[PDB]
Amino acid sequence: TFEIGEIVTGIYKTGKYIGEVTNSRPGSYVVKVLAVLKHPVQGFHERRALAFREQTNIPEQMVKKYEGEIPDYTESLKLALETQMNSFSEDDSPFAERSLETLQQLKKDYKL
Amino acid sequence: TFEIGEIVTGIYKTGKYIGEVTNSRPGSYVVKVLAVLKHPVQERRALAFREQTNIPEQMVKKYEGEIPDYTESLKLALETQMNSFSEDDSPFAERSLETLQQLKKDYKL
Numbered sequence: 004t005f006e007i008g009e010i011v012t013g014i015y016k017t018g019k020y021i022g023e024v025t026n027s028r029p030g031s032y033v034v035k036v037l038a039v040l041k042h043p044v045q046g059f060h061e062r063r064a065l066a067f068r069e070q071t072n073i074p075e076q077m078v079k080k081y082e083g084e085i086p087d088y089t090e091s092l093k094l095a096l097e098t099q100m101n102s103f104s105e106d107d108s109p110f111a112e113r114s115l116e117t118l119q120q121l122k123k124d125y126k127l
Numbered sequence: 004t005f006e007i008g009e010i011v012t013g014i015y016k017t018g019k020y021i022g023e024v025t026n027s028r029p030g031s032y033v034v035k036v037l038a039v040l041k042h043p044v045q061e062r063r064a065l066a067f068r069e070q071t072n073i074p075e076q077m078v079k080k081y082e083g084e085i086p087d088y089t090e091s092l093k094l095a096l097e098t099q100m101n102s103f104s105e106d107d108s109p110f111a112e113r114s115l116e117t118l119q120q121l122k123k124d125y126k127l
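Protein chains in written order, with the deposited numbering: chain B, 4 to 46, 59 to 127; chain A, 4 to 45, 61 to 127.
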């Protein structure tokens, strides 16, 4: 169980975020996004991270109490993206190729 | 009247912080500290990450910017305050700078 105002991590569409619980309901929480921990998987269309202060419904199983520091949203997004891009370093698949292309553009779209 | 969960700034003992309202009473808010905007004037330590503080309602404001990383924000706020003494040859500058330089070590940077 999580109370309003509680700082949590949330997993949404393969992305992972730090956020704040702003409402509860049967089986889920509305989470206000504050930072990005993991940029979502792509695929061939792009898939954007949740935006700063975006509020999204997340099933309760995918929500966890978070007591760490809250990173700056923009710097966290920059980091999350570089991490995902680097994750393909030893990957010679077509999926890696297509993903890396996609993330490179997203990086420009985000203003980073 | 800020609601519980509201992201705010609070000014407390000359320091300025970004935080979250966790409680409310007439004329005051309990604020949980998430980042430092301004290191307090000088001995006088910044509020700790996740420290909960009672702040007079007049000194609390809705905050809509990004929440910076606490340690990064403390490092910046301390640097800014030390840099503010550039060209200042006064004893107050000297004493403050000494105290801040120690604080930097206490904070473990």
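In this text, a Cβ means the ideal position worked out from N, Cα and C, and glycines have one as well.
Contact check, residue i vs residue j, beta carbons under 8 Å
i: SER91/A; j: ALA38/A; result: yes
i: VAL44/B; j: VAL34/B; result: no
i: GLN99/B; j: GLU61/B; result: no
i: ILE85/A; j: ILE85/B; result: yes
i: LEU96/B; j: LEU118/B; result: yes
i: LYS41/A; j: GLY18/A; result: yes
i: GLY13/B; j: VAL78/B; result: yes
i: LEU65/B; j: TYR15/B; result: yes
i: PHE110/B; j: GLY46/B; result: yes
Contact with chain B by residue i, beta-carbon distance below 8 Å
i: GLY22/A; result: no
i: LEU94/A; result: no
i: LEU65/A; result: no
i: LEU37/A; result: yes
i: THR89/A; result: yes
i: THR17/A; result: no
Residue-chain proximity (residue i, chain A), Cβ-Cβ < 8 Å
i: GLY8/B; result: yes
i: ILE85/B; result: yes
i: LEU118/B; result: no
i: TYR32/B; result: no
i: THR25/B; result: yes
Contacting residues, own chain, Cβ-Cβ under 7 Å from residue i (five flanking each side not counted)
i: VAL11/B; result: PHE5, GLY22, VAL24, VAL34, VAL78, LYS79, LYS80, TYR81
i: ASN72/A; result: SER31, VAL33
i: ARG68/A; result: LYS35, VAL36
i: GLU75/A; result: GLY30, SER31, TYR32
i: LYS122/A; result: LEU96
Residue i, buried or exposed, once every other Cβ within 10 Å from all chains shown has been counted against 16
i: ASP107/B; result: exposed
i: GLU9/B; result: buried
Own chain, CB closer than 6 Å to residue i, minus 5 neighbours either side, in chain order
i: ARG63/A; result: none
i: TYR88/A; result: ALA38, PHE67
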